[PDB]
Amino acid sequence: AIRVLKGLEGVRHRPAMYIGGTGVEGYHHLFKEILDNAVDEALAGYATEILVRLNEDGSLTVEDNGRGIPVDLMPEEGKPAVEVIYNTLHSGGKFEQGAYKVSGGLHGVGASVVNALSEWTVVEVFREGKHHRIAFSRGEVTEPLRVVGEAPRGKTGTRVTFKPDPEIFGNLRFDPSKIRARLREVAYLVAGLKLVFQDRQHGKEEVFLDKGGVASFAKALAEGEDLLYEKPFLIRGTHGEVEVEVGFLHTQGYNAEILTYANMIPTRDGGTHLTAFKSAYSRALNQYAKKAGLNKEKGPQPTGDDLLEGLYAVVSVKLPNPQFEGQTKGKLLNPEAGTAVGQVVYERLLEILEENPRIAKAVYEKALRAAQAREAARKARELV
């Protein structure tokens, strides 16, 4: 009643162990992974454009502006690097270091997990003047690497096309809505990165590009809401090995929304970077306020929830060796991320507040009126 599953065999034996489930969520994790492989080329500074296309046959194509996955032979394995990448469960090396990378995702490079769980996979590489092609199916090579033609231009890059295996996912098909949502997210987290979504079926096409990045992301969060000031603030900075990006904006409403990210993956339960943000923001507001005489009688302006009212913000950090609560996602634990965020946002917020006095007053003013409202509801509720 027992056997050893070697390599990709294990992935097909227990798919849920690699993608959580075999439903709609798991189906799209394949898309996210291949997309993140492309996004990693952008993070490294080689890709500037990424195309995601839903083909009429249900398959999905992800093409990048990158270097193109290497096709030269790996001595130890006696096979092209691109073949090894998509056929071995876990491959690594120093190539994992030297640039920020998307965190979480599928086992190892993740690409081979997608291949194992796909009826067919086609990898095309434009590199060193040629257009290469290798085809797989459920983890195995069906068509060995070969040159199918010459590369145009100075065109280099990788184009991956795959179709999740119906033997595992049933009649599931890609959902344009979900694909667009992740593309919209990425464009925001990698400002300047152009991502195009093509849905051949409906002949639709949308471009996702935003130089404003996270600041724009913050405004996007307050879509149907009256803004306190139409221009969202952007805080950029680097501390140690951590790149920090924070964007925020206020609305005259009373709802809030703070999204946090670590290496391009949502961190629902926050972590060191989120706690460092709330803290730094609080430090800055209060400090500035006193200096400028915005506080009278020493009212209860803080209390955290008061400052959160009508606050829309996005905190994003990038760091090597990220540490998560468990299973590479959820809550960021790196203390250095906390120090980076706190450091970068505190100093910069002070400046932003000083050069934008009116706005600073309105937001601090809103915090006081929020505290009072809290007080009134408390007594009222503690009356009956």
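A residue's number is simply how far along the shown sequence it sits, counting from 1.
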> Taking only the CA atoms, which stretch has the higher mean B-factor in the record, 364 to 372 or 18 to 26?
Replying inline: 364 to 372
> Out of 325 to 333 and 54 to 62, which stretch has the higher average CA B-factor listed in the record?
Replying inline: 325 to 333
> Based on the PDB record, which member of 139, 104, 170, 302 exhibits the highest Cα temperature factor?
Replying inline: 302
>> Just the C-alpha B-factor column, please: which of 159, 127, 178, 204 has the biggest number?
In response: 204
> Which third, lowest, middle or highest, does the CA B-factor of residue 226 fall in along this chain?
Replying inline: highest
> Which third, lowest, middle or highest, does the CA B-factor of residue 88 fall in along this chain?
Replying inline: lowest
>> Going by the CA temperature factor in the PDB record, which third of the chain does residue 163 belong to: lowest, middle or highest?
In response: lowest
> What third of its chain's C-alpha B-factors does residue 33 belong to: lowest, middle or highest?
Replying inline: lowest
>> Sorting by Cα B-factor within the chain, modelled residues only, which third would residue 316 end up in: lowest, middle or highest?
In response: lowest
